[PDB]
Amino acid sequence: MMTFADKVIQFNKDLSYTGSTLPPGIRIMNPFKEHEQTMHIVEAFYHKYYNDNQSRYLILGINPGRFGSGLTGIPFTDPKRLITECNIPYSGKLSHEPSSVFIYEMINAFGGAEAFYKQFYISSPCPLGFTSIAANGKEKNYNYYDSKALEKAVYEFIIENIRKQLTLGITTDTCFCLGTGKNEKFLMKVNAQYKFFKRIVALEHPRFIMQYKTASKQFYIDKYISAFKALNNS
């Protein structure tokens, strides 16, 4: 497929879980197979912002959840941000993702969605999410690292996903890791094993910022932008 967008679109169309049997109670959550609207949004978004053959720097989150961006298929882009920031329509119930608020405030501070997505491509080590439903009926979303059993089950699936993302046309000098906790530890172990990237720069995850550093959101905006500028400076 010719453009960056074409390749991302085909990746998302073809994505299916190929890892090992998951722990009890956990179901794969594949945003591109959940609702028919998701792949239509995927096509609209990537054809808008990735309609070229320029390389991109990779930013890695953790993994999708069912809510928010899980309803759009677009990383850190919940329905409201899809409508107001990307000007791409969304039919159905809105779903608030705090991380999405932060990311698009950061993107506007950077110079806007077109400029930012001209330079950066957001993915995650694990491209699928995970859910369980409790006896009370409440639904839980998991990070791939939330238990040794889950991580063991999806480990090779994750490595294969990272390799596949690199085939898109990625400048490998710096990968940005969102999440200074277990995401960082995992990706540092991975990068020491496979040498995907010359270096990894970890930044506080938008969800952490929104939940525990809320009054300080501006500082973290600046921190993100200073990391992207240092990369571009050097």
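In case it trips you up, residue 1 is the first one in the sequence shown, and so on.
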*Comparing 225-233 with 1-9, where is the mean C-alpha B-factor higher?*
225-233
*Stretch exceeding the other in mean C-alpha B-factor - 113-121, 131-139*: 131-139
*Between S91, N161, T72, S100, which carries the biggest CA temperature factor in the record?*
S91
*Could you check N30, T172, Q193, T38 and tell me which one carries the biggest Cα B-factor in the deposited entry?*
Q193
_Position of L168 among the chain's modelled residues by C-alpha B-factor, lowest, middle or highest third_ = highest
*Sorting the chain's modelled residues by C-alpha B-factor, tell me whether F67 ends up in the lowest, middle or highest third.*
highest
*Just say lowest, middle or highest third for the CA B-factor of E43 relative to the other modelled residues in its chain.*
lowest
*In terms of the CA temperature factor given in the entry, to which third of its chain does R81 belong: lowest, middle or highest?*
lowest
*Mind checking which third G25 falls in for C-alpha B-factor across the chain?*
lowest
